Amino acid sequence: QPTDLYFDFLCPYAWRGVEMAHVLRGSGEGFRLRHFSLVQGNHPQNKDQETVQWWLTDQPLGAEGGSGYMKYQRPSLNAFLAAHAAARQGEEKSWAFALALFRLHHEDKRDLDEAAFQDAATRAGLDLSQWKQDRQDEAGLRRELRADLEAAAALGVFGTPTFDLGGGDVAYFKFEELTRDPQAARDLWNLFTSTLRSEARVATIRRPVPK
């Protein structure tokens, strides 16, 4: 019934998608937060592979990823696991945490680090002792994240934000402008769903990048 929304905290377009969806959820439109890792999805070992060969959830939590294809390995893995921990406090706390962290990173330009996770938890009103205890369940949070990454791979998710409407209608939705106004957010969502439900079976609308 809710639309599944795959996101990565790294990604400002995913931030805007989650902001849109949050305001729409205010009006009764159901959305469910799920994770897709850009580091894993774009990883050279996973390129042109029937089956995922390299998992973000196999990497040590404190490991430095380098400056190449894994440069954002550590912040995105840690952000994902903190968000799973927050989501154990229910849907409303999960949205509060995910939005707060997104905003710290993309509006306030803070790194996805421990200080940012802590500020997101207090901005979200989390029970901090419970959040702390859930974060100690690293293996369990990794299993949850791995399940999200598997569901994403089964759909062929390639970027964020990607919305699964159900019924086999799934699409990446990239837009530039932050849209929190309720009326504008509803217009934008209506454009998207209209495009996916058209009996013309629209697959792609995509602007090129000019010279």
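Throughout, we count residues from 1 along the sequence that is shown.
On average the C-alpha atoms of 51-59 have higher B-factors than those of the other stretch, with 36-44 and 51-59 being the two compared. When the C-alpha B-factors of 130-138 and 84-92 are averaged, 130-138 comes out higher. Highest C-alpha temperature factor among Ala151, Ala185, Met70, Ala171, as the PDB entry reports it: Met70.
In this PDB entry, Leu112 carries a Cα temperature factor that places it within the middle third of its chain's modelled residues. The PDB entry assigns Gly26 a C-alpha temperature factor belonging to the highest third of its chain's modelled residues. In the deposited entry, the Cα temperature factor of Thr3 sits in the middle third of values across the chain's modelled residues. Looking at the C-alpha B-factors along this chain, the one for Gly66 belongs to the lowest third.
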